[PDB]
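Student: Could you have a look at this structure, given as structure tokens, before my questions?
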Amino acid sequence: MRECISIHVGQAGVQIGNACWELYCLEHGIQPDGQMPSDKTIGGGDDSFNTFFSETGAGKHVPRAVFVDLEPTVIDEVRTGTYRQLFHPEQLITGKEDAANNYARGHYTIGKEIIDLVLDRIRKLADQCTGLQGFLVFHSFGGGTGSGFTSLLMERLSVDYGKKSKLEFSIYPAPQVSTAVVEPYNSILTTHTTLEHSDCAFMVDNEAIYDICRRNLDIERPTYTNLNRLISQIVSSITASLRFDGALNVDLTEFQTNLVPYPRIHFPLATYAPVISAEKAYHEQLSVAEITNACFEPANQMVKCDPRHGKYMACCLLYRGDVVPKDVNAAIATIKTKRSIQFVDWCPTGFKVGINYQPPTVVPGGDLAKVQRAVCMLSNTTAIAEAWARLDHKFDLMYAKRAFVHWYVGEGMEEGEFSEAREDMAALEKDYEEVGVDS
Amino acid sequence: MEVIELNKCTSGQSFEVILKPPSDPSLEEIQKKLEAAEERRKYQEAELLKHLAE
Amino acid sequence: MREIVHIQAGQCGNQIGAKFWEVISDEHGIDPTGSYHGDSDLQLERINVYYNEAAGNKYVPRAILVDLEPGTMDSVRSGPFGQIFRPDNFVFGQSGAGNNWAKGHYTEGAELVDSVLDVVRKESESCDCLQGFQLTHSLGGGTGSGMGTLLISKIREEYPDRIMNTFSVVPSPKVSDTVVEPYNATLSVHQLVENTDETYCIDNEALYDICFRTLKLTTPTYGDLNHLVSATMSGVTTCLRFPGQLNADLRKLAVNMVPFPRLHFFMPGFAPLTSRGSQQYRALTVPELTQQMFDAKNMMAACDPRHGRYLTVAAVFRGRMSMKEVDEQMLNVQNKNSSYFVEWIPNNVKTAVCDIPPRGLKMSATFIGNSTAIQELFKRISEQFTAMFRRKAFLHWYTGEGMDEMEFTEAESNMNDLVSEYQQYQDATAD
Amino acid sequence: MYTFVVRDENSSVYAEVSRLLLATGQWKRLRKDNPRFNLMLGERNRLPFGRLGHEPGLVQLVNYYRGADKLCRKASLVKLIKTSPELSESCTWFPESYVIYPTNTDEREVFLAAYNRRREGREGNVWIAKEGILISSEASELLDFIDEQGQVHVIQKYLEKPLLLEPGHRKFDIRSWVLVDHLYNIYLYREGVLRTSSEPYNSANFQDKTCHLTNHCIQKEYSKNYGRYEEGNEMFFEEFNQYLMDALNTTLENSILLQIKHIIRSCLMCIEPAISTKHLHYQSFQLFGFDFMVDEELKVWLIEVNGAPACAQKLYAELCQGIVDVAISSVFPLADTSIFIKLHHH
Ligand SMILES: COC(=O)[C@H](C[C@H](Cc1ccccc1)NC(=O)c1csc([C@@H](C[C@H](C(C)C)N(C)C(=O)[C@@H](NC(=O)[C@H]2CCCCN2C)C(C)C)OC(C)=O)n1)NC(=O)OCc1ccccc1
Ligand SMILES: Nc1nc2c(ncn2[C@@H]2O[C@H](COP(=O)(O)OP(=O)(O)OP(=O)(O)O)[C@@H](O)[C@H]2O)c(=O)[nH]1
Ligand SMILES: Nc1ncnc2c1ncn2[C@@H]1O[C@H](COP(=O)(O)OP(=O)(O)CP(=O)(O)O)[C@@H](O)[C@H]1O
Ligand SMILES: Nc1nc2c(ncn2[C@@H]2O[C@H](COP(=O)(O)OP(=O)(O)O)[C@@H](O)[C@H]2O)c(=O)[nH]1
Ligand SMILES: [Ca+2]
Ligand SMILES: [Mg+2]
Ligand SMILES: [Mg+2]
Ligand SMILES: [Mg+2]
């Protein structure tokens, strides 16, 4: 048993962290006070759920997590929330003045004042670990803390834990819920700075999640409560292999081995089905063929893009519920003859499948209906580079006039950091095209 | 087509299905960058206070 | 929390500042004694932004009242909410500024500024995390104009890392016949370009034309003009006063609204326009609030938005309405008027919806726009300034206080550079 | 009001479509880089499909199908016919072709294997490479030509026995205009053109490229008898159907159009799963130009597909209104019998 420490940075990372830990508790049968009746080894154990939860002598199952935000407001709702008894005060860290949606404030001015305190609190979790595997970092690309403080922390984690893997769950910006005009700048600055320090990153386009909530759950104007509940189901599908018995993706290194052949092209596309409305009284329970085929629909993707106009490097299917291998092979056979699925010549055309018999857990008073089977496909497709092209173009439009750049320079940043970051994104787009196109 | 590495257990099962085969910076460097930014902020503020003093 | 310190200078500053406190105190359920008697906890969630707590759950505005004349501050004590202000926060002199910027900034104002700064230090010390300052004043008079800009500069020297926000009332001959107001206003705009982060341009030309043409008030009073100002001030500060996601603090507002440092003068707007005392029985639909708030007739700055381009915009809807319908109508405005929004700043319009409506209205919308059409306002002041300055007329009032002609020439040049800078970005394209 | 951007100023067809849309009083043309558009008349190469479909509250449509280049590039069309199990070697309508790369993956070895079969077989053996064209029976001449050109070419079997129009004994090519809407309905424009040679077909000397290549550009420059038989070397379907009726006792419908409609459907249905925008965040439509040859036994062969086709001067008015009606106004309806034949498919 090897431990995994989750780190939630900024409002987006913190609120998504709440939805995840609440869901992990319901899945593992841990009560809001941390008591897990089904756990018979009190005070310890090396069970699968122990990769994410430590244990006190009093039987409390405590998340291996650190919440950090340069503002008190969001973490204060964790300190007083329904799972307040689940975390030690030392795991919840706040400042007084936030990064004001400015990467430079989060990385340099405000961030520098709290970085040592955060690494100290992370080291206290690391010292309770008999064999620390690495970290899972949740943050937004758009926020000043989420973009600037995360990239600072990722650099310091590479220095303090060189042989430890670092995964990301990054919230890619969407104007339907964005709160800053400079989000493209923060996104390109953090992507450039964190690129060498992250082993695997799962981007979540808020636009894609927002449209899934409107279309599939019939929610007029989704809120972060609506988005985060859907996001937590996809995060739970990905971490299920670390928290439950199995053979596929049992440790963090397996994620880069299975999903990342080229180190820079480390952004797998997650697709999740079925997403069904709780309000819907009668719903036809979908088959394995129906839910697997939906993994090849841009409408069910976390980042809206077209994988037919790109190439695959690694595909991987994660099922939950009433699924047998015979059903998955039959579905894959019928899909190959219908969909356009091309792999890069240096990779085998194939899927790594994992099945968990427990169907997805749904938080009571939620928007998602209970389903007999669900799947999360993780595919390293070069079509996710469409997300970079869109963000790089918005960066280009503003940077041409140097609009808002004075806010960054005023915090100690140089104009050269912007062009240095953009050249790295231009290199990254070129890497994706070299791999995925022929003309 | 070919199903390999099947592993069964109580929680579930996993396997691989193949359709076709194939054809960092130091701590000092971090602090140097961070303090170069703090010095530029300090220089900018000293110039402002020099200006307001005039 | 993130505390704001409010300062109000001169007649205009103290009049609109007093109406601001009456309006927001009612919204936050705080009576003239300073006691809470409201029905919602949203009223008290972010109360320490503008109010200090005290013995027996008493809320005291974090306001500082300044004037070189006792007059208007005696009227504020005598006013309805006058009893709510901290008595030690009334700083005033005896000889005025006689609508002379040099008197407020260099001679009379220089004596009283240190007393005001002592009150500012006392209010700033007791702040958990001071976000910045907000000044209410006019630019045509002497105290608000001259002393207000001296205070802004002296405060920036002690708090250089804090946001400076102002509500600046721009002069108009339709409201005032004081011949030297263009000089006082040009001298103050020069100060504001260099020392404020956000300035709401409250134009007396626009407020008068709204009162006369739209509200059909043949003889508008200052109370009628200030009724539009307090409605606008309530609307533009809603995001700071209630729980919400967008522009919740002065710094996040500046980061979203100000793309170039000197281009920080905003065109405020409000829908529905209401007459003082007049009851509005039919509520506006969401498409109506949206059309009206972007209409030239609803702007508190006498500029035509169709004569310039929007660098950035912030829309604040208040009341119980469909969040889906405001999203649809805000996209509808931007998509059917895309020429008027700079293509080189993607997604430059941000919208916030607050459930609590203002007093008297079931639904309202406040607009804050950083448009290049604001140059029309600075061109108007600049033409008035050049007409007199060209013949050195009335300058003895200022040179008599120690000033030289070169300050006027430099103030004149800095505003003409501001206009040409706004024109530069109006004519700029994505290629 | 609907909004649109124009990013290909050289497109004669879409220059008329923009002209038509503004003339309706319900469309507005924005500056080319304004992202708040409903319709994009995009650039010919490097069209930003990654940026389409991400603007809330706007249905976005584009005048190109992403991935249609597979059908419209010459080397790609050969690889698509050969490697697609749908088209297969049950493809009796595409001339024998091989993708040849200059000596600087490649099917150069298999070209020489099939060429030496025709040499000892005593059968006809003239071929054609990809102005910038060479027709010859010597494999050495053709291969040495492609090495000197430097670019990737295709060696196609030249139709040695083409159908020749009389009087004049002339070769020709048929241009068909096909419009595929956002719902993948295939529309064949009832009007087509015969791009005819103005000189008689000389079976002996191939270096005189004017009687062998029926392109409009080479005819107006190197033709000696240009416009003598028909205006602009363009004979339209009313006349061509009459010629077939009088000389061959058949109709243009029976002898040729059934084959053309079969080829158009086969080609576009094959690529549908790759390019269809049925469930995409943005919708596509496209005008195609299929070029055909008719052999002496009234059999239709496919020469190529053009992704950015130009129309005949006489027909721009009618076709361009059909593009507006069928492909644009079907997605963006205006306020307050058909020039196309819907090629049925399921
Ligand atoms: C019991 O009174 C009240 O309830 C009101 C008290 C407020 C208090 C206050 C607020 C803000 C500042 C000072 C005081 N008083 C007013 O609202 C008020 C006082 S004077 C005034 C005046 C303002 C006018 C402009 C256009 C807004 N104004 C200066 C004029 O109308 C004057 N004319 C000009 O200046 C013209 C002359 C020709 C060339 C061009 N010029 C611009 C005019 C007074 C000579 O408005 C009025 C209408 O007086 N507002 N209200 C109160 O006391 O109102 C005063 C009043 C109104 C009607 C009748 C008698 C008195
Ligand atoms: N899905 C989701 N996105 C969120 C959430 N909160 C914020 N975001 C998005 O994150 C971006 C802004 O980043 P924030 O997390 O709010 O900012 P921050 O990390 O706290 O940084 P500062 O406030 O600038 O110090 C925007 O794109 C928001 O839409 C959330 O709970 N869920
Ligand atoms: N295999 C073949 N047999 C007989 N004639 C042929 C042939 N290939 C080409 N031709 C003749 O040469 C002309 C040009 O061929 P092709 O159409 O490939 O060139 P092109 O693509 O440069 C012009 P366009 O795209 O406008 O049709 C044809 O119109 C046809 O007349
Ligand atoms: N809108 C408005 N304008 C005012 C008010 N009082 C004065 N003004 C304007 O302010 C200018 C004169 O400045 P004033 O504030 O009276 O001088 P000060 O006391 O020396 O600051 C002129 O343009 C007046 O029209 C008021 O209450 N409301
Ligand atoms: Ca245990
Ligand atoms: Mg924050
Ligand atoms: Mg006065
Ligand atoms: Mg061609």
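In the structure tokens, chains take the letters A, B, ... in the order shown, each chain's residues start at 1, and ligands count up from 1 in the order shown.
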Could you give me, as JSON lines, every chain D residue with an atom at most 9 Å from chain C, plus its closest atom pair and distance in Å to one decimal, counting only C-alpha atoms, rows ordered by chain then number?
Tutor:
```
{"residue": "D:1", "atom": "CA", "partner": "C:336", "partner_atom": "CA", "distance": 7.4}
{"residue": "D:2", "atom": "CA", "partner": "C:336", "partner_atom": "CA", "distance": 8.5}
{"residue": "D:3", "atom": "CA", "partner": "C:336", "partner_atom": "CA", "distance": 8.3}
{"residue": "D:30", "atom": "CA", "partner": "C:339", "partner_atom": "CA", "distance": 7.7}
{"residue": "D:31", "atom": "CA", "partner": "C:339", "partner_atom": "CA", "distance": 8.4}
{"residue": "D:33", "atom": "CA", "partner": "C:430", "partner_atom": "CA", "distance": 6.8}
{"residue": "D:34", "atom": "CA", "partner": "C:343", "partner_atom": "CA", "distance": 6.1}
{"residue": "D:35", "atom": "CA", "partner": "C:343", "partner_atom": "CA", "distance": 7.9}
{"residue": "D:36", "atom": "CA", "partner": "C:335", "partner_atom": "CA", "distance": 5.7}
{"residue": "D:37", "atom": "CA", "partner": "C:335", "partner_atom": "CA", "distance": 7.7}
{"residue": "D:56", "atom": "CA", "partner": "C:331", "partner_atom": "CA", "distance": 7.4}
{"residue": "D:57", "atom": "CA", "partner": "C:331", "partner_atom": "CA", "distance": 6.3}
{"residue": "D:58", "atom": "CA", "partner": "C:335", "partner_atom": "CA", "distance": 8.1}
```
Student: Please write the residues from the selection above to a file, keeping N, CA, C and O atoms, as a PDB file, in the first residue's frame.
Tutor:
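Okay, this is what ended up in out02.pdb:
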```
ATOM      1  N   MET D   1     -30.993  39.496 -36.649  1.00  0.00           N
ATOM      2  CA  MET D   1     -30.153  39.508 -37.841  1.00  0.00           C
ATOM      3  C   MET D   1     -29.046  38.483 -37.694  1.00  0.00           C
ATOM      4  O   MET D   1     -28.478  38.328 -36.614  1.00  0.00           O
ATOM      5  N   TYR D   2     -28.725  37.784 -38.784  1.00  0.00           N
ATOM      6  CA  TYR D   2     -27.640  36.805 -38.777  1.00  0.00           C
ATOM      7  C   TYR D   2     -26.334  37.504 -39.113  1.00  0.00           C
ATOM      8  O   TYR D   2     -26.342  38.571 -39.731  1.00  0.00           O
ATOM      9  N   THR D   3     -25.211  36.925 -38.693  1.00  0.00           N
ATOM     10  CA  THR D   3     -23.889  37.517 -38.937  1.00  0.00           C
ATOM     11  C   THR D   3     -22.945  36.516 -39.600  1.00  0.00           C
ATOM     12  O   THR D   3     -23.040  35.321 -39.350  1.00  0.00           O
ATOM     13  N   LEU D  30     -19.360  40.831 -40.778  1.00  0.00           N
ATOM     14  CA  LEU D  30     -18.468  41.354 -39.747  1.00  0.00           C
ATOM     15  C   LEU D  30     -17.029  41.382 -40.286  1.00  0.00           C
ATOM     16  O   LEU D  30     -16.754  40.809 -41.352  1.00  0.00           O
ATOM     17  N   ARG D  31     -16.089  42.007 -39.526  1.00  0.00           N
ATOM     18  CA  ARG D  31     -14.657  41.982 -39.865  1.00  0.00           C
ATOM     19  C   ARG D  31     -14.200  40.509 -39.741  1.00  0.00           C
ATOM     20  O   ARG D  31     -14.656  39.812 -38.832  1.00  0.00           O
ATOM     21  N   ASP D  33     -11.827  38.657 -38.466  1.00  0.00           N
ATOM     22  CA  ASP D  33     -11.414  38.073 -37.168  1.00  0.00           C
ATOM     23  C   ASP D  33     -12.408  38.339 -35.995  1.00  0.00           C
ATOM     24  O   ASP D  33     -12.044  38.152 -34.822  1.00  0.00           O
ATOM     25  N   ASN D  34     -13.644  38.777 -36.306  1.00  0.00           N
ATOM     26  CA  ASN D  34     -14.678  38.991 -35.296  1.00  0.00           C
ATOM     27  C   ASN D  34     -15.219  37.576 -35.015  1.00  0.00           C
ATOM     28  O   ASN D  34     -15.624  36.881 -35.954  1.00  0.00           O
ATOM     29  N   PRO D  35     -15.143  37.078 -33.772  1.00  0.00           N
ATOM     30  CA  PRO D  35     -15.603  35.708 -33.504  1.00  0.00           C
ATOM     31  C   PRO D  35     -17.118  35.547 -33.329  1.00  0.00           C
ATOM     32  O   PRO D  35     -17.593  34.413 -33.281  1.00  0.00           O
ATOM     33  N   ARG D  36     -17.877  36.646 -33.214  1.00  0.00           N
ATOM     34  CA  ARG D  36     -19.312  36.577 -32.980  1.00  0.00           C
ATOM     35  C   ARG D  36     -20.107  36.476 -34.277  1.00  0.00           C
ATOM     36  O   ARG D  36     -20.997  37.297 -34.545  1.00  0.00           O
ATOM     37  N   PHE D  37     -19.845  35.397 -35.031  1.00  0.00           N
ATOM     38  CA  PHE D  37     -20.509  35.111 -36.300  1.00  0.00           C
ATOM     39  C   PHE D  37     -21.343  33.813 -36.225  1.00  0.00           C
ATOM     40  O   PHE D  37     -21.085  32.930 -35.399  1.00  0.00           O
ATOM     41  N   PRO D  56     -20.935  30.853 -27.039  1.00  0.00           N
ATOM     42  CA  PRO D  56     -22.311  30.727 -26.517  1.00  0.00           C
ATOM     43  C   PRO D  56     -23.386  31.594 -27.181  1.00  0.00           C
ATOM     44  O   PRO D  56     -23.145  32.750 -27.547  1.00  0.00           O
ATOM     45  N   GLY D  57     -24.578  31.031 -27.325  1.00  0.00           N
ATOM     46  CA  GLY D  57     -25.694  31.742 -27.924  1.00  0.00           C
ATOM     47  C   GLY D  57     -25.585  32.004 -29.410  1.00  0.00           C
ATOM     48  O   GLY D  57     -26.345  32.829 -29.930  1.00  0.00           O
ATOM     49  N   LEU D  58     -24.672  31.308 -30.122  1.00  0.00           N
ATOM     50  CA  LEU D  58     -24.548  31.467 -31.579  1.00  0.00           C
ATOM     51  C   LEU D  58     -24.486  30.107 -32.207  1.00  0.00           C
ATOM     52  O   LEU D  58     -23.620  29.319 -31.823  1.00  0.00           O
TER      53      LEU D  58
END
```
Student: Around ligand 6, out to 6 Å and counting only C-alpha atoms and all ligand atoms, which residues are there? I want them as a list in words.
Tutor: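 For ligand 6, the residues inside 6 Å are residues 10, 11 and 98 of chain A.
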Student: Give me, please, the distance in Å between CA of residue 72 in chain C and CA of residue 11 in chain C, quoted to one decimal.
Tutor: 5.7 Å
Student: Please, which residues of chain D lie no more than 7 Å from chain A when the count uses only C-alpha atoms, and can they be set out as a PyMOL selection string?
Tutor: chain D and resi 50-51+273-274+280
Student: Show me which residues sit within 8 Å of ligand 4 when counting only C-alpha atoms and all ligand atoms, and put them as number ranges by chain.
Tutor: C: 9-16, 67-69, 96-100, 104, 137-146, 169-173, 175-176, 178, 181, 202-204, 207, 222-223, 225-226, 229
Student: Taking C-alpha atoms for each residue, export the selection above as an mmCIF file, in the first residue's frame.
Tutor:
```cif
data_model
loop_
_atom_site.group_PDB
_atom_site.id
_atom_site.type_symbol
_atom_site.label_atom_id
_atom_site.label_comp_id
_atom_site.auth_asym_id
_atom_site.auth_seq_id
_atom_site.Cartn_x
_atom_site.Cartn_y
_atom_site.Cartn_z
ATOM 1 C CA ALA C 9 -14.920 66.121 0.252
ATOM 2 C CA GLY C 10 -16.636 69.467 -0.397
ATOM 3 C CA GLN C 11 -20.331 70.255 -0.963
ATOM 4 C CA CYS C 12 -20.863 67.832 -3.829
ATOM 5 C CA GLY C 13 -18.785 65.068 -2.217
ATOM 6 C CA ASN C 14 -20.621 65.289 1.119
ATOM 7 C CA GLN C 15 -24.072 65.561 -0.547
ATOM 8 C CA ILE C 16 -23.696 62.469 -2.778
ATOM 9 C CA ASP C 67 -14.670 70.198 3.913
ATOM 10 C CA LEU C 68 -12.881 73.565 4.119
ATOM 11 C CA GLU C 69 -16.343 75.037 5.094
ATOM 12 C CA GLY C 96 -13.657 77.784 2.247
ATOM 13 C CA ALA C 97 -11.883 77.262 -1.060
ATOM 14 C CA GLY C 98 -14.020 79.705 -3.171
ATOM 15 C CA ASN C 99 -14.170 77.317 -6.178
ATOM 16 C CA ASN C 100 -10.391 77.692 -6.508
ATOM 17 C CA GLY C 104 -7.905 73.397 -2.008
ATOM 18 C CA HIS C 137 -16.189 64.744 -4.834
ATOM 19 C CA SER C 138 -16.785 67.114 -7.797
ATOM 20 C CA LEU C 139 -14.014 68.366 -10.084
ATOM 21 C CA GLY C 140 -15.495 71.882 -10.752
ATOM 22 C CA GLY C 141 -15.244 73.338 -7.213
ATOM 23 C CA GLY C 142 -12.262 74.012 -4.975
ATOM 24 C CA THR C 143 -12.309 71.646 -1.973
ATOM 25 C CA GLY C 144 -13.485 68.377 -3.561
ATOM 26 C CA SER C 145 -11.540 69.121 -6.701
ATOM 27 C CA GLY C 146 -8.261 70.551 -5.248
ATOM 28 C CA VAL C 169 -18.717 64.633 -10.557
ATOM 29 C CA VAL C 170 -17.684 66.276 -13.867
ATOM 30 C CA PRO C 171 -18.928 69.936 -14.279
ATOM 31 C CA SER C 172 -21.394 71.245 -16.864
ATOM 32 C CA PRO C 173 -22.611 74.823 -17.685
ATOM 33 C CA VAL C 175 -25.943 73.011 -13.907
ATOM 34 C CA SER C 176 -23.251 75.597 -12.890
ATOM 35 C CA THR C 178 -18.952 79.310 -12.219
ATOM 36 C CA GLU C 181 -14.797 75.082 -13.357
ATOM 37 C CA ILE C 202 -20.534 61.175 -12.955
ATOM 38 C CA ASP C 203 -21.228 63.944 -15.520
ATOM 39 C CA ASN C 204 -23.541 66.755 -14.454
ATOM 40 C CA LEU C 207 -27.616 63.892 -15.040
ATOM 41 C CA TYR C 222 -29.538 69.040 -6.991
ATOM 42 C CA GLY C 223 -31.633 66.439 -5.074
ATOM 43 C CA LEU C 225 -29.491 64.981 -9.904
ATOM 44 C CA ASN C 226 -28.236 63.223 -6.733
ATOM 45 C CA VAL C 229 -26.064 59.491 -8.454
#
```
Student: Smallest atom-to-atom distance to chain A: which of C:253, C:164, C:393, C:65, using only C-alpha atoms?
Tutor: C:253
Student: Would you give me, as JSON, numbers by chain, the residues of chain A that come within 10 Å of chain B, using only C-alpha atoms?
Tutor: {"A": [104, 107, 108, 109, 112, 152, 155, 156, 158, 159, 160, 162, 196, 197, 244, 245, 246, 247, 248, 249, 316, 317, 318, 319, 320, 321, 322, 323, 324, 325, 326, 328, 329, 330, 332, 333, 336, 343, 344, 345, 346, 347, 348, 349, 350, 351, 352, 353, 354, 355, 356, 357, 358, 409, 410, 411, 412, 413, 414]}
Student: Export, as a compact mmCIF listing (two decimals), in the first residue's frame, the selected residues with C-alpha atoms.
Tutor:
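New file part-v3.txt:
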```
# COMPACT_ATOMS: atom_id res chain seq x y z
CA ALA A 104 1.99 37.20 -10.84
CA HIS A 107 3.22 33.02 -7.93
CA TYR A 108 5.31 35.94 -6.64
CA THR A 109 3.83 38.64 -4.33
CA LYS A 112 5.92 33.65 -1.71
CA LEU A 152 5.04 27.77 -7.64
CA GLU A 155 8.18 23.64 -8.83
CA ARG A 156 8.89 23.27 -5.07
CA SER A 158 9.80 18.65 -7.79
CA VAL A 159 12.69 19.89 -5.59
CA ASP A 160 11.46 18.40 -2.28
CA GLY A 162 12.04 14.33 -6.91
CA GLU A 196 8.06 19.97 -16.78
CA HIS A 197 6.73 19.31 -13.25
CA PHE A 244 -10.27 -0.07 -4.61
CA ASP A 245 -8.98 -3.60 -5.27
CA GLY A 246 -7.83 -4.10 -8.91
CA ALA A 247 -4.87 -4.48 -11.31
CA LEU A 248 -5.25 -1.57 -13.81
CA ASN A 249 -3.95 1.91 -12.66
CA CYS A 316 -8.25 3.21 -21.58
CA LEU A 317 -11.86 2.27 -20.42
CA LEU A 318 -12.89 2.45 -16.69
CA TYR A 319 -16.29 0.72 -16.00
CA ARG A 320 -18.37 0.79 -12.81
CA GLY A 321 -21.35 -1.52 -12.22
CA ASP A 322 -22.92 -4.52 -13.98
CA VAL A 323 -20.18 -5.08 -16.61
CA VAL A 324 -18.49 -8.37 -17.73
CA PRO A 325 -15.48 -8.49 -20.14
CA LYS A 326 -17.48 -10.34 -22.86
CA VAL A 328 -16.85 -4.79 -23.48
CA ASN A 329 -15.10 -6.85 -26.23
CA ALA A 330 -18.36 -7.15 -28.20
CA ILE A 332 -15.33 -2.56 -28.95
CA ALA A 333 -15.69 -4.93 -31.92
CA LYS A 336 -14.21 -0.32 -34.50
CA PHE A 343 -3.72 5.25 -33.45
CA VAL A 344 -0.16 6.54 -34.05
CA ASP A 345 1.94 3.99 -35.97
CA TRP A 346 4.32 3.49 -33.04
CA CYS A 347 1.43 2.32 -30.69
CA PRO A 348 -0.79 -0.76 -30.79
CA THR A 349 -4.49 -0.15 -31.58
CA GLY A 350 -6.00 -1.36 -28.34
CA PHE A 351 -7.76 -0.54 -25.10
CA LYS A 352 -6.79 -1.21 -21.49
CA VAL A 353 -10.06 -2.00 -19.66
CA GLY A 354 -10.75 -1.96 -15.93
CA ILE A 355 -14.10 -2.93 -14.33
CA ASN A 356 -15.32 -2.33 -10.77
CA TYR A 357 -18.57 -4.10 -9.85
CA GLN A 358 -19.83 -1.34 -7.51
CA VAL A 409 4.65 43.77 -14.63
CA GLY A 410 3.55 45.73 -11.52
CA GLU A 411 3.95 42.54 -9.44
CA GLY A 412 7.56 41.94 -10.67
CA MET A 413 6.92 39.89 -13.85
CA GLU A 414 8.68 40.72 -17.14
```
Student: Residues up to 12 Å from ligand 8, counting only C-alpha atoms and all ligand atoms: could you list those as a count of residues only?
Tutor: 27
Student: Counting only C-alpha atoms and all ligand atoms, which residues of chain A sit at most 7 Å from some atom of ligand 2, and what is each one's closest atom pair with its distance in Å to one decimal, listed by chain and rising residue number, as a tab-separated table?
Tutor:
```
residue	atom	partner	partner_atom_place_in_ligand_line	distance
A:9	CA	ligand 2	19 (O)	6.2
A:10	CA	ligand 2	19 (O)	3.2
A:11	CA	ligand 2	15 (O)	3.8
A:12	CA	ligand 2	6 (N)	3.6
A:13	CA	ligand 2	15 (O)	6.4
A:15	CA	ligand 2	31 (O)	4.6
A:16	CA	ligand 2	31 (O)	5.6
A:69	CA	ligand 2	20 (O)	6.3
A:70	CA	ligand 2	25 (O)	5.7
A:71	CA	ligand 2	25 (O)	6.7
A:98	CA	ligand 2	25 (O)	3.9
A:99	CA	ligand 2	25 (O)	3.6
A:100	CA	ligand 2	24 (O)	4.0
A:101	CA	ligand 2	24 (O)	3.4
A:102	CA	ligand 2	24 (O)	5.9
A:106	CA	ligand 2	25 (O)	6.6
A:139	CA	ligand 2	19 (O)	6.5
A:140	CA	ligand 2	10 (O)	4.7
A:141	CA	ligand 2	11 (C)	6.6
A:142	CA	ligand 2	11 (C)	4.4
A:143	CA	ligand 2	13 (O)	3.2
A:144	CA	ligand 2	24 (O)	3.4
A:145	CA	ligand 2	21 (O)	3.7
A:146	CA	ligand 2	19 (O)	3.5
A:147	CA	ligand 2	19 (O)	6.7
A:171	CA	ligand 2	3 (N)	6.1
A:172	CA	ligand 2	27 (O)	6.6
A:173	CA	ligand 2	27 (O)	4.2
A:174	CA	ligand 2	27 (O)	5.9
A:177	CA	ligand 2	29 (O)	4.4
A:178	CA	ligand 2	29 (O)	3.9
A:179	CA	ligand 2	26 (C)	5.5
A:206	CA	ligand 2	1 (N)	5.6
A:224	CA	ligand 2	32 (N)	4.7
A:225	CA	ligand 2	31 (O)	6.9
A:227	CA	ligand 2	1 (N)	5.4
A:228	CA	ligand 2	32 (N)	5.4
```
Student: What residues in chain A have any atom no more than 8 Å from chain C when counting only C-alpha atoms, and can you write them as a PyMOL selection string?
Tutor: chain A and resi 96-97+100-102+175+179-182+220-221+394+397-398+400-401+403-407
Student: Under the rule of at most 7 Å, produce a per-residue listing of chain D near ligand 3: chain, number, name, the closest pair of atoms, and the distance in Å, as CSV, using only C-alpha atoms and all ligand atoms.
Tutor:
```
residue,atom,partner,partner_atom_place_in_ligand_line,distance
D:95,CA,ligand 3,1 (N),6.3
D:127,CA,ligand 3,1 (N),6.9
D:128,CA,ligand 3,1 (N),5.9
D:130,CA,ligand 3,18 (O),6.1
D:156,CA,ligand 3,1 (N),5.3
D:157,CA,ligand 3,1 (N),5.0
D:158,CA,ligand 3,3 (N),3.5
D:159,CA,ligand 3,3 (N),3.8
D:160,CA,ligand 3,4 (C),6.8
D:172,CA,ligand 3,31 (O),5.8
D:173,CA,ligand 3,29 (O),5.2
D:212,CA,ligand 3,11 (C),6.2
D:213,CA,ligand 3,12 (O),4.0
D:214,CA,ligand 3,31 (O),3.9
D:215,CA,ligand 3,29 (O),5.0
D:291,CA,ligand 3,27 (O),5.8
D:293,CA,ligand 3,4 (C),6.9
D:303,CA,ligand 3,18 (O),5.8
D:304,CA,ligand 3,17 (O),5.9
D:306,CA,ligand 3,25 (O),5.7
```
